[PDB]
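S.K.: This one's a deposited entry, sequence included:
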Amino acid sequence: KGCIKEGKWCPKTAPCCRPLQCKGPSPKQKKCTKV
């Protein structure tokens, strides 16, 4: 499935696409955010 795009759920420092840092307001809503 390629990589993890923004808006998708991902763990800490997960294998994001590139621009995403894999952040999130909480562990239950941890999604890949772009900077």
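M.R.: Perfect, thanks for sending it. Residues are numbered from 1 along each chain as shown.

S.K.: When you work out contacts or count neighbours from here on, use the C-alpha atoms and nothing else.
M.R.: Will do.

S.K.: In this structure, mark out all the strands, start to finish.
M.R.: Assigned by DSSP state E, the strands in the chain number zero.

S.K.: Not counting sequence-adjacent ones, nearest residue to the residue minimising distance to the centre of the chain?
M.R.: Nearest to the mean C-alpha position of the chain, by Cα atoms, centre = their mean, lies residue 32 at 1.9 Å. In this structure, residue 32 finds its nearest non-sequential neighbour in residue 22, 4.0 Å apart by Cα to Cα, 6 or more residues apart in numbering.

S.K.: What of residue 12?
M.R.: Using Cα to Cα, 6+ apart, the closest residue to residue 12 is residue 22 (6.2 Å).

S.K.: My guess is the one you found contacts residue 13. True?
M.R.: Yes - using Cα atoms under 8 Å, residue 22 is in contact with residue 13, at 5.6 Å.

S.K.: Between these two, tell me which one has more neighbours.
M.R.: residue 22 (25 against 11; other Cα atoms under 10 Å).

S.K.: can you give me phi and psi for the more buried one?
M.R.: As for residue 22, its main-chain torsions (degrees, to the nearest 10) stand at phi 60, psi 60.

S.K.: and the gap between it and residue 2?
M.R.: As defined by Cα to Cα, to the nearest Å, residue 22 lies at a distance of 15 Å from residue 2.

S.K.: try residue 35
M.R.: For residue 35, the distance to residue 2 - Cα to Cα - is 20 Å.

S.K.: Who are the contact partners of the residue nearest to residue 12?
M.R.: 10-14, 16, 30-33 (Cα atoms under 8 Å, 6 or more residues apart in numbering).

S.K.: among those, which ones are buried?
M.R.: Neighbour-count burial (16 or more other Cα atoms under 10 Å) applied to the contacts of residue 22 gives 10-11, 14, 16, 30-33.

S.K.: Please flag which of the contacts of residue 22 sit within helices.
M.R.: Judged by DSSP state H, helices contain none of those.

S.K.: Would you mind listing the residues in contact with the nearest residue to residue 24 once chain neighbours are set aside?
M.R.: Leaving aside its chain neighbours, residue 24 sits nearest to residue 30 (4.2 Å; criterion: Cα to Cα, 6+ apart). Going by Cα under 8 Å, 6+ apart, residue 30 touches 9-11, 22-24.
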